[PDB]
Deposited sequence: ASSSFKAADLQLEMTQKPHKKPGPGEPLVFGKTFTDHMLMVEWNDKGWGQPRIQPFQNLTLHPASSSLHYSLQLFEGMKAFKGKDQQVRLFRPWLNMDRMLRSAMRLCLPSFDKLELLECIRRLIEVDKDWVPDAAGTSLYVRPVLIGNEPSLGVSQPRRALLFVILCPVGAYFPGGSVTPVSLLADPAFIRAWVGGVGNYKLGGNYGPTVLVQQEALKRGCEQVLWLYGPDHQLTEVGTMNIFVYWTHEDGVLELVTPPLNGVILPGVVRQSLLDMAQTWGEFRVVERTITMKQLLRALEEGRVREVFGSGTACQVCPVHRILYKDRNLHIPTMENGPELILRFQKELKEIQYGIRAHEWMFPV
């Protein structure tokens, strides 16, 4: 009472998994967390979740190693992000480690659902919605937190790393400074459906999100973007856009920056990336690799960019892709328990 829900108070009642977590918030505080069979949600028609998008989510993977032990990849970063998203849309705060322990217990009940094939895992989807039975745009004192799980079977059609189809049109904007693009809110995704369809009929599989008067490369679909090149100063570097408001702080993004910094072989920085710099670098043969990063596709190569209906080839595949494969191998090693690391949380 008077604070957050506790995993020690959990209520147990024994393509998605068999069970789900559910926690309710109402004025005075949180109710106890419930692990119950997968079932439909019953919401009032005036629920603020459906009218004013008082909704946020998270996305992380649970990996089954060779020793058959299930582990979550840096879940503390997902919990940090979830709480920041909650504060912004201006829902109840909760204790990050209590939600983690509740999710741990949920994955434990559905442990048989975690796949062990190469490139497979269990997708954990936590959600927090406003559940106020009112049409007023306000702080929603009733709320609902739920977690659902689902097995995912390899991103790539086989085991071969395949490059993806980008469209770069300045008329479409995902996020803005002073906006809400740095939080995983449902509201940022709905508007992308029409843009993705526009990309598909223009011969592209995904969208390269441009921002500002100087056409800054921000995100690749629902992934962060990275460019491995020799910059205009002659130094070999790995660059990704900074957290200035328009970028979603990805867990894989942070991990790639952390790993590359530890190696100390090349410069690793956060510095926006304009189409002017990319066009110049391509023409000068300074670009090595360009990729997207995210939970779905850990490291995802890009081979051409349709900018103002262009056919700009990105030489990612003819440069190995050396860094992508190194990142993929080291991540697989950490995630599937082949090497012990502080980044993994055992379930």
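Peer 1: Deposited sequence versus model: which ranges have no CA atoms?
Peer 2: Unmodelled stretch: 15-32 only.
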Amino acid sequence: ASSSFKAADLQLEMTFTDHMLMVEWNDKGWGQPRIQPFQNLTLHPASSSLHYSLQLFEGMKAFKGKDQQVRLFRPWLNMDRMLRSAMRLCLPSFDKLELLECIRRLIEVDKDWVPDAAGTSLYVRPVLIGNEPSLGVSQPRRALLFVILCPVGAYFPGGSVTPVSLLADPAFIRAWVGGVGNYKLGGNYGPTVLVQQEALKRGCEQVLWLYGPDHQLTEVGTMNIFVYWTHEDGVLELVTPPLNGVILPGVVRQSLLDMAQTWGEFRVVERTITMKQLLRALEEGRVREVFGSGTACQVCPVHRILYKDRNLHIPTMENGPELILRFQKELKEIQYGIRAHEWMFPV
From here on, numbers count along this sequence of modelled residues.
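We call the rigid core the largest set of C-alpha positions that still match within 1.5 Å between the two forms.
Peer 1: Give, as the answer, the stretch of 158-166 and 144-152 that departs more from the shown form in 4 other deposited structures of this protein; the measure is RMS Cα distance after a core fit.
Peer 2: Once the cores are fitted, 158-166 deviates more in 4 other deposited structures of this protein.
Peer 1: Hey, after superposing on the core, which one moves around more in 4 other deposited structures of this protein, 22-30 or 289-297, CA-wise?
Peer 2: Once the cores are fitted, 22-30 deviates more in 4 other deposited structures of this protein.
Peer 1: Tell me which stretch, 195-203 or 238-246, has the higher mean Cα B-factor listed in the entry.
Peer 2: According to the PDB entry, the answer is 195-203.
Peer 1: Mean C-alpha B-factor higher for 96-104, or for 115-123?
Peer 2: If you average the C-alpha B-factors of 96-104 and of 115-123, the larger mean comes out for 115-123.
Peer 1: Among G190, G221, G179, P163, single out the one with the highest C-alpha B factor in the record, please.
Peer 2: Across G190, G221, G179, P163, the entry lists the biggest C-alpha B-factor for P163.
Peer 1: Which has the highest CA B-factor per the PDB entry: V23, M20, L10, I338?
Peer 2: Top of the list by C-alpha B-factor: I338.
Peer 1: Looking at the C-alpha B-factor of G59, is it in the lowest, middle or highest third of its chain?
Peer 2: It falls in the bottom third of the chain.
Peer 1: Could you say whether, by C-alpha temperature factor, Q216 belongs to the lowest, middle or highest third of its chain?
Peer 2: For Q216, whose C-alpha B-factor we compare with every modelled residue in the chain, the answer is the lowest third.
Peer 1: Taking the values exactly as deposited, rank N311 by C-alpha B-factor within its chain and report the matching third: lowest, middle or highest.
Peer 2: Ranked within chain, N311 CA B lands in the highest tercile.
Peer 1: State the tercile, meaning the lowest, middle or highest third, of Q298 with respect to the CA B-factors recorded for its chain.
Peer 2: Highest third.
Peer 1: Considering every modelled residue of the chain and its Cα B-factor in the PDB entry, is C90 in the lowest, middle or highest third?
Peer 2: For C90, whose C-alpha B-factor we compare with every modelled residue in the chain, the answer is the highest third.
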